[PDB]
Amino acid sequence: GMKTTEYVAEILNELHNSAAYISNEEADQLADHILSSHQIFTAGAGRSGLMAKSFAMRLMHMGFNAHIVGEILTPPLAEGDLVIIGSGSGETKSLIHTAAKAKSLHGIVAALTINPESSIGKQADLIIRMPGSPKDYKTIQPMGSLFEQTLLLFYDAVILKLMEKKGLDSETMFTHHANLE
């Protein structure tokens, strides 16, 4: 039984404990792939899909050629482009298909998933392993909320790293944002 604001603290504490189990060799590699790929696609189902979109948007703001798998105006992938798949289970059929198709086209696949031996993980060129396996990790939140929150924060850290690599600062960064609404 507790205050709404106290629940915010409990989440932040789950996030802090959980995020502090993510490995950095893989992450810094993801930034490097984003920097060298001509197009970047993000992907996810459900709420993870929302976090993908949030990451693609910020990538576009920074001037990258970023897209989201499954949207009306998604362009074709070409050889060497990157696909970033956020999936807790690593078993979502649609996402398994996206990874396979990417690979068939000689795209590069990065997967952020709990289980690296999952269907999606086994297709990936790069795996960023997220916490939450049967080994470890506490959460009082609904089914996949912690993973989804972790996805967002991790995406937004990759944004910071990209900013650093590009010598960009928050106060003065030019953003390519929509201007018709």
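Counting begins at 1, following the sequence as shown.
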property	result
Unmodelled deposited residues between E117 and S118, binned	none
Residue range whose averaged C-alpha B-factor is higher in the record, 122-130 or 145-153	122-130
Higher-B stretch (mean Cα B-factor, as the entry records it), 22-30 or 43-51	22-30
Chain-wide C-alpha B factor ranking for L162, given as lowest, middle or highest third	lowest
Modelled-residue ranking by C-alpha temperature factor, third containing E71	highest
Entry-reported Cα temperature factor of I140, expressed as the chain third it lands in	highest
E171, C-alpha B-factor rank within chain (lowest, middle or highest third)	middle
Modelled-residue ranking by C-alpha temperature factor, third containing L35	highest
